[PDB]
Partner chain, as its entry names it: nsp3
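First, one chain by itself: the form solved without its partner chain, in structure tokens.
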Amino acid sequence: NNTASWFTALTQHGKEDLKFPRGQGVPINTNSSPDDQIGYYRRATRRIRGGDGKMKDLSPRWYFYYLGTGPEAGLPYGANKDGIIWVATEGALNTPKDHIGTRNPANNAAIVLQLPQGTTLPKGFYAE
């Protein structure tokens, strides 16, 4: 607890897991350096009780954590895990980003997720 993504989420409207072409997907953060531009998005599921007394699955959200941080801080880049997808800018260093760490919501609001010009969000994904 008291740990969160530095950024706002991507929402999934389709059936396919989030996926970026190699070199794309790392949110913009002016307080970070070129070496730091690598990590993962982790799926967060939500469901609520409908009018019919059955659980309704809402659109999955995906949140970015820098490599070596967050709920999967221990996973190396490329590790295969459901709900985890990897992104990296060319020339980012494969080193943990402990100097960036995660966000404490008591101290800092999320950075608005923004992707560098020319980036393609996959079908059905939107930055809310």
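Residue numbers count along the first chain shown, from 1. Between two forms, the rigid core is the largest collection of C-alphas that superpose within 1.5 Å. Residues that one form lacks are left out of the comparison.
Not on display, but discussed next: the form deposited with its partner chain bound.
Interface residues of 53 to 68, taken as those with a heavy atom within 4.5 Å of its partner chain in the deposited bound form (partner not displayed): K56, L58, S59, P60, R61, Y63, in sequence order. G53 is among the residues whose C-alpha shifts by 2 Å or more between this form and the one not shown once the rigid core is aligned. Fitting the two forms on their rigid core shows CA movement of 2 Å or more between this form and the one not shown over just one run of at least three residues, at 47 to 56.
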